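Below is input_28.cif, holding mmCIF, C-alpha atoms and all ligand atoms.
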```cif
data_upload
#
loop_
_atom_site.label_atom_id
_atom_site.label_comp_id
_atom_site.auth_asym_id
_atom_site.auth_seq_id
_atom_site.Cartn_x
_atom_site.Cartn_y
_atom_site.Cartn_z
CA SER A 1 2.28 -21.01 -4.95
CA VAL A 2 -0.28 -19.61 -7.40
CA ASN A 3 -1.43 -16.06 -8.23
CA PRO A 4 -4.27 -15.49 -5.71
CA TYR A 5 -5.87 -12.91 -8.03
CA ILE A 6 -6.74 -15.49 -10.68
CA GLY A 7 -10.34 -16.71 -10.41
CA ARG A 8 -11.23 -14.30 -7.59
CA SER A 9 -13.05 -10.99 -7.16
CA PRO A 10 -11.22 -8.58 -4.85
CA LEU A 11 -13.50 -7.22 -2.12
CA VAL A 12 -14.96 -3.72 -2.28
CA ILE A 13 -14.45 -2.07 1.12
CA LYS A 14 -17.82 -0.72 2.25
CA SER A 15 -16.38 1.71 4.80
CA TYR A 16 -14.31 3.34 2.05
CA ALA A 17 -17.32 3.56 -0.29
CA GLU A 18 -19.15 5.29 2.57
CA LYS A 19 -16.43 7.94 3.00
CA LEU A 20 -16.81 8.70 -0.73
CA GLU A 21 -20.38 9.86 -0.07
CA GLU A 22 -18.86 13.14 1.07
CA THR A 23 -17.10 13.47 -2.28
CA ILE A 24 -20.29 12.70 -4.19
CA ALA A 25 -22.09 15.33 -2.10
CA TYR A 26 -19.43 17.92 -2.93
CA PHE A 27 -19.78 17.28 -6.68
CA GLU A 28 -23.59 17.39 -6.46
CA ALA A 29 -23.38 20.74 -4.60
CA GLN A 30 -21.22 22.15 -7.43
CA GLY A 31 -23.81 20.88 -9.96
CA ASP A 32 -21.10 18.58 -11.30
CA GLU A 33 -23.15 15.50 -12.16
CA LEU A 34 -20.43 13.89 -14.27
CA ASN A 35 -17.87 13.88 -11.47
CA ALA A 36 -20.45 12.85 -8.89
CA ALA A 37 -21.25 9.85 -11.10
CA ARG A 38 -17.54 9.11 -11.56
CA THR A 39 -17.18 9.10 -7.78
CA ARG A 40 -20.00 6.53 -7.64
CA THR A 41 -17.88 4.37 -9.98
CA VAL A 42 -14.97 4.61 -7.50
CA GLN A 43 -17.27 3.27 -4.74
CA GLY A 44 -17.33 -0.04 -6.64
CA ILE A 45 -13.55 -0.37 -7.17
CA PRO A 46 -11.79 -2.81 -4.78
CA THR A 47 -9.19 -1.37 -2.38
CA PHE A 48 -7.14 -2.64 0.56
CA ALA A 49 -8.45 -2.34 4.10
CA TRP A 50 -5.65 -1.14 6.41
CA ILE A 51 -5.32 -2.57 9.91
CA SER A 52 -3.38 0.50 11.00
CA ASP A 53 -4.08 0.25 14.74
CA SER A 54 -5.42 -2.14 17.36
CA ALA A 55 -8.97 -0.76 17.24
CA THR A 56 -9.17 -1.53 13.52
CA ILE A 57 -8.75 -5.24 14.31
CA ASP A 58 -12.44 -5.04 15.30
CA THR A 59 -13.39 -4.37 11.66
CA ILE A 60 -11.95 -7.66 10.38
CA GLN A 61 -14.79 -9.97 11.39
CA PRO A 62 -17.52 -7.62 10.10
CA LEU A 63 -15.56 -7.43 6.82
CA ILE A 64 -15.32 -11.23 6.70
CA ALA A 65 -19.07 -11.59 7.35
CA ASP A 66 -19.76 -9.06 4.58
CA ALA A 67 -17.45 -10.94 2.20
CA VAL A 68 -18.97 -14.35 2.99
CA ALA A 69 -22.44 -12.90 2.35
CA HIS A 70 -21.32 -11.44 -0.99
CA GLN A 71 -19.56 -14.67 -1.99
CA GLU A 72 -22.64 -16.79 -1.29
CA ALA A 73 -25.04 -14.40 -3.09
CA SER A 74 -22.87 -13.79 -6.17
CA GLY A 75 -21.17 -17.19 -6.47
CA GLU A 76 -17.85 -15.37 -6.91
CA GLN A 77 -14.79 -16.33 -4.85
CA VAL A 78 -13.91 -13.14 -2.95
CA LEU A 79 -10.34 -11.99 -2.27
CA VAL A 80 -10.13 -9.90 0.91
CA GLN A 81 -7.24 -7.42 0.67
CA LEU A 82 -5.69 -6.28 3.98
CA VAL A 83 -2.67 -4.28 5.05
CA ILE A 84 -0.90 -5.01 8.32
CA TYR A 85 0.58 -1.66 9.33
CA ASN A 86 1.45 -1.23 13.01
CA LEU A 87 5.15 -1.86 13.64
CA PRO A 88 6.56 -0.28 16.79
CA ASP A 89 8.35 3.01 16.01
CA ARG A 90 6.45 2.91 12.70
CA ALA A 91 7.53 4.94 9.64
CA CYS A 92 10.81 5.77 11.38
CA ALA A 93 12.18 8.30 8.87
CA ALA A 94 9.15 10.55 8.96
CA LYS A 95 6.79 11.93 11.62
CA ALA A 96 3.50 11.88 9.69
CA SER A 97 2.61 8.26 10.27
CA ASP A 98 3.97 7.47 13.73
CA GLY A 99 1.72 4.80 15.25
CA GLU A 100 0.55 3.69 18.67
CA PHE A 101 3.42 1.32 19.51
CA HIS A 102 6.82 2.59 20.58
CA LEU A 103 9.93 0.58 21.38
CA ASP A 104 10.48 2.57 24.61
CA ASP A 105 6.98 1.56 25.80
CA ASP A 106 6.95 -2.26 25.39
CA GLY A 107 6.21 -1.84 21.68
CA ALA A 108 7.72 -5.11 20.44
CA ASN A 109 5.58 -7.22 22.79
CA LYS A 110 2.53 -5.08 22.03
CA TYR A 111 3.09 -5.65 18.31
CA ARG A 112 3.22 -9.43 18.83
CA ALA A 113 -0.10 -9.33 20.72
CA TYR A 114 -1.63 -7.20 17.95
CA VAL A 115 -0.51 -9.84 15.41
CA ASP A 116 -1.93 -12.63 17.59
CA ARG A 117 -5.30 -10.84 17.61
CA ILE A 118 -5.30 -10.57 13.82
CA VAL A 119 -4.38 -14.25 13.44
CA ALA A 120 -7.35 -15.25 15.63
CA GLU A 121 -9.72 -13.12 13.53
CA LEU A 122 -8.35 -14.80 10.41
CA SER A 123 -8.85 -18.27 11.92
CA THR A 124 -12.66 -18.32 12.28
CA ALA A 125 -15.00 -20.66 10.37
CA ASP A 126 -16.07 -17.71 8.18
CA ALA A 127 -12.42 -16.72 7.54
CA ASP A 128 -11.84 -20.30 6.40
CA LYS A 129 -14.40 -19.77 3.59
CA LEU A 130 -12.41 -16.84 2.17
CA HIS A 131 -9.03 -16.08 0.62
CA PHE A 132 -6.82 -13.18 1.73
CA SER A 133 -4.18 -11.02 0.04
CA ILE A 134 -2.15 -9.29 2.76
CA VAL A 135 0.44 -6.54 2.34
CA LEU A 136 2.95 -6.52 5.20
CA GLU A 137 4.15 -3.27 6.74
CA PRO A 138 4.55 -0.50 4.15
CA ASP A 139 7.42 1.96 4.75
CA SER A 140 9.42 -0.43 6.93
CA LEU A 141 12.41 -2.36 5.57
CA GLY A 142 13.27 0.27 2.95
CA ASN A 143 14.38 2.38 5.90
CA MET A 144 17.07 -0.15 6.80
CA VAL A 145 18.50 0.17 3.30
CA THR A 146 18.78 3.98 3.05
CA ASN A 147 17.78 5.61 6.35
CA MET A 148 20.09 4.07 8.98
CA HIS A 149 21.50 7.58 9.56
CA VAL A 150 18.13 8.47 11.12
CA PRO A 151 18.37 7.60 14.85
CA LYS A 152 14.79 6.26 15.08
CA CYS A 153 15.48 3.92 12.11
CA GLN A 154 18.82 2.68 13.47
CA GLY A 155 16.97 1.93 16.73
CA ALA A 156 14.06 0.17 15.03
CA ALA A 157 15.95 -1.99 12.49
CA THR A 158 15.92 -5.16 14.58
CA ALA A 159 12.30 -4.63 15.63
CA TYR A 160 11.18 -4.17 12.00
CA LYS A 161 12.86 -7.38 10.85
CA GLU A 162 11.70 -9.37 13.88
CA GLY A 163 8.18 -7.90 13.71
CA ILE A 164 7.63 -8.67 10.04
CA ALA A 165 9.16 -12.14 10.57
CA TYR A 166 6.66 -12.83 13.36
CA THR A 167 3.82 -11.66 11.13
CA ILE A 168 4.96 -13.89 8.24
CA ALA A 169 5.46 -16.85 10.60
CA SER A 170 1.96 -16.33 12.09
CA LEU A 171 0.05 -16.20 8.79
CA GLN A 172 0.98 -19.45 7.08
CA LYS A 173 -2.44 -20.72 5.97
CA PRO A 174 -3.51 -22.23 2.64
CA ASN A 175 -6.04 -19.40 2.20
CA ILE A 176 -3.62 -16.49 2.77
CA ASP A 177 -1.10 -14.95 0.35
CA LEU A 178 1.46 -12.56 1.78
CA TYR A 179 3.26 -9.70 0.05
CA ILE A 180 6.16 -7.92 1.80
CA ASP A 181 6.26 -4.20 1.12
CA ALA A 182 9.16 -3.24 -1.14
CA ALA A 183 8.77 0.54 -1.44
CA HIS A 184 8.92 1.99 -4.98
CA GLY A 185 11.42 2.44 -7.82
CA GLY A 186 12.51 5.91 -6.69
CA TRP A 187 13.54 4.59 -3.30
CA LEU A 188 14.93 1.04 -3.66
CA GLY A 189 15.37 0.85 -7.47
CA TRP A 190 18.66 2.79 -7.62
CA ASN A 191 21.40 0.36 -8.62
CA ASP A 192 23.17 0.43 -5.25
CA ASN A 193 19.97 -0.27 -3.31
CA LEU A 194 18.88 -3.37 -5.24
CA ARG A 195 21.11 -5.98 -3.60
CA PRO A 196 20.68 -4.81 0.01
CA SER A 197 16.92 -4.65 -0.56
CA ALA A 198 16.79 -8.21 -1.87
CA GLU A 199 19.03 -9.31 1.01
CA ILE A 200 16.88 -7.75 3.74
CA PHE A 201 13.72 -9.33 2.29
CA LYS A 202 15.44 -12.71 2.34
CA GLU A 203 16.87 -12.10 5.83
CA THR A 204 13.36 -11.33 7.07
CA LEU A 205 11.88 -14.43 5.41
CA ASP A 206 14.66 -16.56 6.92
CA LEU A 207 13.88 -15.17 10.38
CA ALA A 208 10.24 -16.13 9.81
CA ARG A 209 11.35 -19.64 8.86
CA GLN A 210 13.19 -19.96 12.19
CA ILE A 211 9.79 -19.43 13.87
CA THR A 212 7.62 -21.42 11.45
CA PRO A 213 9.43 -24.04 9.37
CA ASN A 214 8.84 -23.73 5.63
CA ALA A 215 7.21 -20.30 5.99
CA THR A 216 6.79 -18.59 2.66
CA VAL A 217 5.43 -15.44 1.04
CA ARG A 218 3.91 -14.83 -2.40
CA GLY A 219 6.21 -11.91 -3.14
CA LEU A 220 6.33 -8.14 -2.84
CA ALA A 221 4.06 -5.10 -2.99
CA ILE A 222 5.43 -2.00 -4.71
CA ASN A 223 4.39 1.65 -5.05
CA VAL A 224 2.14 1.38 -1.97
CA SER A 225 0.94 4.90 -1.10
CA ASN A 226 3.11 6.36 -3.84
CA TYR A 227 2.39 7.87 -7.25
CA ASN A 228 4.73 6.33 -9.80
CA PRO A 229 3.27 5.31 -13.15
CA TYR A 230 3.16 1.67 -14.18
CA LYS A 231 4.53 2.53 -17.62
CA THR A 232 5.64 6.15 -17.98
CA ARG A 233 4.37 8.32 -20.81
CA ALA A 234 7.18 10.83 -20.20
CA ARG A 235 10.28 9.88 -18.18
CA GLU A 236 11.10 12.59 -15.59
CA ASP A 237 14.62 14.03 -15.18
CA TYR A 238 14.67 12.95 -11.52
CA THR A 239 14.54 9.33 -12.70
CA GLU A 240 17.63 9.50 -14.91
CA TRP A 241 20.32 6.93 -14.00
CA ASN A 242 17.65 4.81 -12.23
CA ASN A 243 16.56 1.75 -14.23
CA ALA A 244 13.38 1.58 -12.11
CA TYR A 245 11.97 4.78 -13.63
CA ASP A 246 8.43 3.38 -13.69
CA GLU A 247 7.00 0.51 -11.67
CA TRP A 248 6.96 -1.96 -14.57
CA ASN A 249 10.69 -1.26 -14.92
CA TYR A 250 11.14 -1.55 -11.14
CA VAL A 251 9.78 -5.11 -11.39
CA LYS A 252 12.19 -5.89 -14.24
CA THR A 253 15.13 -4.31 -12.40
CA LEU A 254 14.63 -5.91 -8.97
CA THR A 255 13.60 -9.40 -10.13
CA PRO A 256 17.09 -10.81 -10.86
CA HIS A 257 18.31 -9.61 -7.46
CA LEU A 258 15.43 -11.43 -5.76
CA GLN A 259 16.19 -14.54 -7.77
CA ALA A 260 19.87 -14.34 -6.64
CA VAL A 261 18.84 -14.69 -2.97
CA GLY A 262 16.04 -17.23 -3.55
CA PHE A 263 13.24 -14.75 -2.81
CA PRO A 264 10.02 -15.11 -4.89
CA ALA A 265 9.79 -12.42 -7.59
CA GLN A 266 6.00 -12.00 -7.79
CA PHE A 267 4.53 -8.51 -7.37
CA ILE A 268 1.38 -6.55 -6.78
CA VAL A 269 1.59 -2.90 -7.81
CA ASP A 270 -0.39 -0.02 -6.29
CA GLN A 271 -1.72 2.35 -8.99
CA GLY A 272 -4.45 4.04 -6.94
CA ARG A 273 -2.83 7.50 -7.13
CA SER A 274 -0.77 7.05 -10.32
CA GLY A 275 -3.03 8.45 -13.04
CA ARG A 276 -1.30 11.83 -13.35
CA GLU A 277 2.43 12.09 -13.97
CA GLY A 278 4.46 15.27 -13.68
CA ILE A 279 3.06 16.44 -10.33
CA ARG A 280 6.36 16.28 -8.37
CA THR A 281 9.59 18.21 -8.71
CA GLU A 282 11.53 15.61 -6.69
CA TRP A 283 11.09 11.84 -6.43
CA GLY A 284 11.17 11.99 -2.61
CA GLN A 285 7.99 14.08 -2.42
CA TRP A 286 5.41 11.67 -0.99
CA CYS A 287 2.97 13.64 1.14
CA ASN A 288 -0.46 14.56 -0.34
CA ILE A 289 0.87 15.35 -3.81
CA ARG A 290 -1.40 17.95 -5.38
CA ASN A 291 -3.37 16.94 -8.49
CA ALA A 292 -2.74 13.23 -8.06
CA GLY A 293 -5.25 11.21 -10.09
CA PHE A 294 -6.71 7.72 -9.73
CA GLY A 295 -4.70 5.39 -11.97
CA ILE A 296 -5.13 2.11 -13.81
CA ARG A 297 -8.03 0.22 -12.24
CA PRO A 298 -7.30 -3.06 -10.43
CA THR A 299 -6.67 -5.79 -12.97
CA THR A 300 -4.89 -9.04 -13.78
CA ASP A 301 -5.25 -8.51 -17.57
CA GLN A 302 -1.86 -9.27 -19.13
CA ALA A 303 -2.67 -6.90 -22.02
CA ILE A 304 -2.17 -4.17 -19.39
CA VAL A 305 0.09 -5.90 -16.85
CA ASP A 306 2.56 -7.18 -19.49
CA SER A 307 4.62 -9.23 -16.99
CA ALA A 308 4.50 -12.80 -15.74
CA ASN A 309 6.13 -11.46 -12.55
CA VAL A 310 3.16 -9.19 -11.76
CA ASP A 311 0.14 -10.87 -10.13
CA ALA A 312 -2.07 -7.78 -10.31
CA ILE A 313 -2.34 -4.02 -10.41
CA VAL A 314 -4.22 -3.09 -7.24
CA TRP A 315 -5.28 -0.05 -5.22
CA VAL A 316 -3.59 -0.30 -1.83
CA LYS A 317 -3.52 3.24 -0.41
CA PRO A 318 -7.15 4.43 -0.41
CA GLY A 319 -7.33 7.77 -2.18
CA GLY A 320 -8.77 10.46 0.07
CA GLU A 321 -7.11 9.16 3.23
CA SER A 322 -4.43 11.74 4.06
CA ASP A 323 -0.67 11.02 4.03
CA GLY A 324 -0.12 13.42 6.91
CA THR A 325 -1.09 16.70 8.50
CA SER A 326 0.12 20.08 7.27
CA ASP A 327 -0.64 21.57 10.74
CA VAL A 328 2.80 22.80 11.84
CA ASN A 329 1.85 22.56 15.54
CA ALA A 330 1.00 18.84 15.37
CA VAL A 331 3.23 16.21 16.97
CA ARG A 332 3.10 14.31 13.68
CA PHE A 333 3.84 17.28 11.45
CA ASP A 334 6.40 16.32 8.85
CA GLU A 335 8.01 18.95 6.62
CA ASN A 336 7.38 16.72 3.57
CA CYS A 337 3.69 17.54 4.04
CA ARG A 338 4.46 21.14 3.14
CA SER A 339 6.67 20.36 0.15
CA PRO A 340 6.23 22.60 -2.91
CA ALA A 341 4.16 19.78 -4.43
CA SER A 342 1.93 19.15 -1.41
CA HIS A 343 -1.80 19.84 -1.18
CA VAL A 344 -2.29 22.08 1.87
CA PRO A 345 -4.12 22.21 4.23
CA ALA A 346 -4.30 18.47 4.94
CA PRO A 347 -5.58 16.53 7.99
CA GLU A 348 -3.81 13.83 10.05
CA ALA A 349 -2.54 10.74 8.24
CA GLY A 350 -5.43 8.38 7.53
CA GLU A 351 -8.12 11.01 8.04
CA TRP A 352 -10.46 12.04 5.24
CA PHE A 353 -9.19 14.71 2.86
CA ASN A 354 -12.18 15.47 0.67
CA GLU A 355 -10.53 18.10 -1.56
CA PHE A 356 -7.78 15.62 -2.38
CA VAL A 357 -10.10 12.86 -3.59
CA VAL A 358 -12.13 15.47 -5.53
CA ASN A 359 -8.87 15.97 -7.44
CA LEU A 360 -8.19 12.23 -7.68
CA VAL A 361 -11.48 11.88 -9.56
CA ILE A 362 -10.90 14.91 -11.83
CA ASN A 363 -7.34 13.78 -12.65
CA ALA A 364 -8.09 10.08 -13.12
CA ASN A 365 -6.28 8.39 -16.03
CA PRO A 366 -7.81 6.61 -17.80
CA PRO A 367 -10.78 8.87 -17.06
CA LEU A 368 -13.43 7.27 -14.86
CA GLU A 369 -16.58 6.14 -16.60
CA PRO A 370 -19.56 7.69 -14.76
CA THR A 371 -22.16 5.55 -12.97
CA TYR A 372 -25.22 7.80 -13.25
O1 LIG B 1 -4.66 5.50 4.43
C1 LIG B 1 -4.05 4.24 4.76
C2 LIG B 1 -3.03 4.45 5.86
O2 LIG B 1 -2.05 5.39 5.39
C3 LIG B 1 -1.02 5.64 6.34
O3 LIG B 1 -0.12 6.59 5.78
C4 LIG B 1 -1.63 6.22 7.62
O4 LIG B 1 -0.57 6.40 8.56
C5 LIG B 1 -2.71 5.31 8.21
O5 LIG B 1 -3.36 6.02 9.28
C6 LIG B 1 -3.73 4.96 7.13
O6 LIG B 1 -4.66 3.96 7.60
#
```

Before we go any further, please render this structure as structure tokens.
Amino acid sequence: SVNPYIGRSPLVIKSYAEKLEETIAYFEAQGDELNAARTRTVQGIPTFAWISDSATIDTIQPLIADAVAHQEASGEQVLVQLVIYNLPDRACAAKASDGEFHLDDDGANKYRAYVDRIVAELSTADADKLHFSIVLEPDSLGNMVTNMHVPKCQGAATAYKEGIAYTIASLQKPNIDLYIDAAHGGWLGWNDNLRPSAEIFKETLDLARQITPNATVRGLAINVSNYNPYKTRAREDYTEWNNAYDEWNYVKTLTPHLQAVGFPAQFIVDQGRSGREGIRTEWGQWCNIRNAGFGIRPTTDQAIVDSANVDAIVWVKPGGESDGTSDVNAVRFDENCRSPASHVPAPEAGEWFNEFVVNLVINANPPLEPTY
């Protein structure tokens, strides 16, 4: 097992760069050339492509063809970053991100078939030429640690573990590295959550190993779709008593608990919306947090990373894609999307939220260098 980020160039997602044209246009219409040019810089920053429904499976081969073309032109070894995000009864403790599969409508079997489709796409001759970094199921197993009081979560616990296990077991290839989602310091970093978190990650890996002998993963992904700083420049009161008060400290805090259960303690850390601290009044505010800024750009530089346990800082959640609708009539309306810290109005989860990414650019830290 080696750090897949070393010696590779993570792929820029063209479809995301294209959505940013709307942001560029907004800045140009305001006569704001600096921020338009900064948005152009963002178009060239690698992000993760989310396979958040069955239809999106159809983007994988075009992405692979694009990556193979770029690899052969540039001579760089490309790293394609994907998220698998379609568990049945998905995101059980909120409403914002409910998906297409439901346990009461053959969802477990449908999830398996969805995974099988992805595996086939990742098994082509072109796929063989590439390497993949894959985050598995954000906002899943953390719910088994803290949210079992929520009926949907209690009902989905087995399906989450078995689903992720099937995914792990199905993606054992020399050119794929897997990272299981591990929430963020404000959720699973509290002292009493550390051991059961480590245990459920190991339980899930062991289930995978019952399907595919010797199945492994690279490690964990943390802070996916959240806002926590890597290293805080002002510790917030809501983090007191939690040793995982920034994501660098979450890594330090969780690592020995992973080691205790024989789970690999290697991490990738989302910093795509982490540039601006101090934008929340409570740690559990997650939905479209107003004035979020783009954070530390994707990097493996140990001068910044400062941890042998961290493979890379990455951008997993693509800034500008909504966390959830603020429309109170919507089936997927979640009250968290109208928290005192939320940017309202906001469109459905995953849909483009131009005003939000306008603010991500303005609030970026370090500031974005313009590409004029
Ligand atoms: O933006 C990345 C993903 O974020 C999730 O919160 C949404 O539910 C998905 O629709 C989206 O693809």

Could you list, with a cut-off of 12 Å and counting only C-alpha atoms and all ligand atoms, the residues of chain A near ligand LIG 1 (chain B), each shown with its nearest atom pair and the distance in Å rounded to one decimal, rows sorted by chain and ascending number, as a tab-separated table?
```
residue	atom	partner	partner_atom	distance
A:16	CA	B:LIG1	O1	10.2
A:47	CA	B:LIG1	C1	10.4
A:48	CA	B:LIG1	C1	8.6
A:49	CA	B:LIG1	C1	7.9
A:50	CA	B:LIG1	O6	5.3
A:51	CA	B:LIG1	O6	7.0
A:52	CA	B:LIG1	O6	5.0
A:53	CA	B:LIG1	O5	8.0
A:54	CA	B:LIG1	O6	11.5
A:55	CA	B:LIG1	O6	11.6
A:56	CA	B:LIG1	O6	9.2
A:82	CA	B:LIG1	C1	10.7
A:83	CA	B:LIG1	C1	8.6
A:84	CA	B:LIG1	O6	9.8
A:85	CA	B:LIG1	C5	7.8
A:86	CA	B:LIG1	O4	9.1
A:87	CA	B:LIG1	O4	11.3
A:90	CA	B:LIG1	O4	8.9
A:91	CA	B:LIG1	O4	8.3
A:92	CA	B:LIG1	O4	11.7
A:94	CA	B:LIG1	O3	10.6
A:95	CA	B:LIG1	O4	9.7
A:96	CA	B:LIG1	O4	6.9
A:97	CA	B:LIG1	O4	4.1
A:98	CA	B:LIG1	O4	7.0
A:99	CA	B:LIG1	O4	7.2
A:100	CA	B:LIG1	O5	10.4
A:135	CA	B:LIG1	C1	11.9
A:137	CA	B:LIG1	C3	10.3
A:138	CA	B:LIG1	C3	8.6
A:139	CA	B:LIG1	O3	8.9
A:140	CA	B:LIG1	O3	11.9
A:224	CA	B:LIG1	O2	9.4
A:225	CA	B:LIG1	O2	7.2
A:226	CA	B:LIG1	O3	10.2
A:272	CA	B:LIG1	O1	11.5
A:273	CA	B:LIG1	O1	11.9
A:286	CA	B:LIG1	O3	10.1
A:287	CA	B:LIG1	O3	9.0
A:288	CA	B:LIG1	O3	10.1
A:315	CA	B:LIG1	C1	10.9
A:316	CA	B:LIG1	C1	8.0
A:317	CA	B:LIG1	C1	5.3
A:318	CA	B:LIG1	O1	5.5
A:319	CA	B:LIG1	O1	7.5
A:320	CA	B:LIG1	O1	7.8
A:321	CA	B:LIG1	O1	4.6
A:322	CA	B:LIG1	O1	6.3
A:323	CA	B:LIG1	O3	4.8
A:324	CA	B:LIG1	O3	6.9
A:325	CA	B:LIG1	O4	10.3
A:332	CA	B:LIG1	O4	10.1
A:337	CA	B:LIG1	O3	11.7
A:347	CA	B:LIG1	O5	10.8
A:348	CA	B:LIG1	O5	7.9
A:349	CA	B:LIG1	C4	4.7
A:350	CA	B:LIG1	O5	3.6
A:351	CA	B:LIG1	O5	7.0
A:352	CA	B:LIG1	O1	8.8
A:353	CA	B:LIG1	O1	10.4
```

Set up a box along x, y and z of the file covering all listed atoms of stretch 323-336 of chain A, add 8 Å on every one of the six sides, and write the centre and edge lengths in Å to one decimal, as AutoDock Vina command-line options.
```
--center_x 3.5 --center_y 16.9 --center_z 10.3 --size_x 25.1 --size_y 27.8 --size_z 29.4
```

| request: Record the distance separating atom CA of residue A:38 and atom CA of residue A:13, expressed in Å with one decimal. | output: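 Separating atom CA of residue A:38 from atom CA of residue A:13 is a distance of 17.2 Å.
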
| Is there a way to get, as a VMD selection string, all residues within 9 Å of the point (17.6, 1.7, 9.9) in file coordinates, counting all atoms listed in the file? | chain A and resid 92 to 93 140 to 158 160

| field | Residue with smallest distance to residue A:252 - pool A:309, A:212, A:170, A:175, counting all atoms listed in the file | value |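 Ranking A:309, A:212, A:170, A:175 by distance to residue A:252, first place goes to A:309.
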
Who sits within 10 Å of residue A:71, only C-alpha atoms, same chain under 6 positions skipped, as a PDB file with C-alpha atoms, in the frame of the given file:
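Below you can see selection-v1.pdb, which holds the result:
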```pdb
ATOM      1  CA  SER A   9     -13.050 -10.990  -7.160  1.00  0.00           C
ATOM      2  CA  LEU A  11     -13.500  -7.220  -2.120  1.00  0.00           C
ATOM      3  CA  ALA A  65     -19.070 -11.590   7.350  1.00  0.00           C
ATOM      4  CA  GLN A  77     -14.790 -16.330  -4.850  1.00  0.00           C
ATOM      5  CA  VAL A  78     -13.910 -13.140  -2.950  1.00  0.00           C
ATOM      6  CA  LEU A  79     -10.340 -11.990  -2.270  1.00  0.00           C
ATOM      7  CA  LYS A 129     -14.400 -19.770   3.590  1.00  0.00           C
ATOM      8  CA  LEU A 130     -12.410 -16.840   2.170  1.00  0.00           C
TER       9      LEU A 130
END
```

| query | What separation in Å, quoted to one decimal, exists between atom CA of residue A:358 and atom CA of residue A:32? | reply |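 According to the coordinates, atom CA of residue A:358 and atom CA of residue A:32 are separated by 11.1 Å.
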
| field | Using all atoms listed in the file: which of A:14, A:343, A:297, A:280 has the shortest distance to residue A:236 | value | A:280

| query | At what distance in Å, to one decimal, does atom CA of residue A:278 lie from atom CA of residue A:81? | reply |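 If I compute the distance from atom CA of residue A:81 to atom CA of residue A:278, I get 29.3 Å.
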
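Minimum atom-to-atom distance to residue A:67, evaluated using only C-alpha atoms, belongs to A:10 out of A:107, A:340, A:10, A:174.
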
| field | Shortest interatomic distance to residue A:308 - which of A:267, A:372, A:114, A:238, counting all atoms listed in the file | value | A:267

Would you mind exporting stretch 325-334 of chain A with N, CA, C and O atoms, as a compact mmCIF listing (two decimals), in the first residue's frame?
```
# COMPACT_ATOMS: atom_id res chain seq x y z
N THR A 325 -31.92 22.02 -0.38
CA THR A 325 -32.85 23.11 -0.67
C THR A 325 -33.32 23.82 0.60
O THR A 325 -33.45 23.21 1.67
N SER A 326 -33.55 25.13 0.48
CA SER A 326 -34.20 25.89 1.55
C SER A 326 -35.71 26.01 1.32
O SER A 326 -36.39 26.62 2.13
N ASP A 327 -36.22 25.43 0.22
CA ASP A 327 -37.65 25.49 -0.13
C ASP A 327 -38.44 24.63 0.85
O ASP A 327 -38.38 23.40 0.80
N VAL A 328 -39.20 25.27 1.74
CA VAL A 328 -39.87 24.57 2.83
C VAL A 328 -40.96 23.59 2.39
O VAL A 328 -41.36 22.72 3.15
N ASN A 329 -41.41 23.72 1.14
CA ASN A 329 -42.39 22.81 0.56
C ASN A 329 -41.78 21.51 0.04
O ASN A 329 -42.50 20.51 -0.16
N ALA A 330 -40.47 21.51 -0.21
CA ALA A 330 -39.84 20.37 -0.88
C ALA A 330 -39.80 19.12 -0.01
O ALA A 330 -39.64 19.19 1.21
N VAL A 331 -39.95 17.96 -0.66
CA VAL A 331 -39.85 16.69 0.05
C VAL A 331 -38.51 16.57 0.78
O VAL A 331 -38.45 16.03 1.89
N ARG A 332 -37.45 17.09 0.17
CA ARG A 332 -36.13 17.00 0.77
C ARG A 332 -35.74 18.24 1.57
O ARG A 332 -34.54 18.47 1.82
N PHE A 333 -36.71 19.06 1.96
CA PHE A 333 -36.37 20.16 2.84
C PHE A 333 -35.94 19.66 4.21
O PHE A 333 -36.65 18.89 4.87
N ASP A 334 -34.76 20.11 4.62
CA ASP A 334 -34.24 19.82 5.94
C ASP A 334 -34.05 21.14 6.68
O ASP A 334 -33.49 22.09 6.13
```
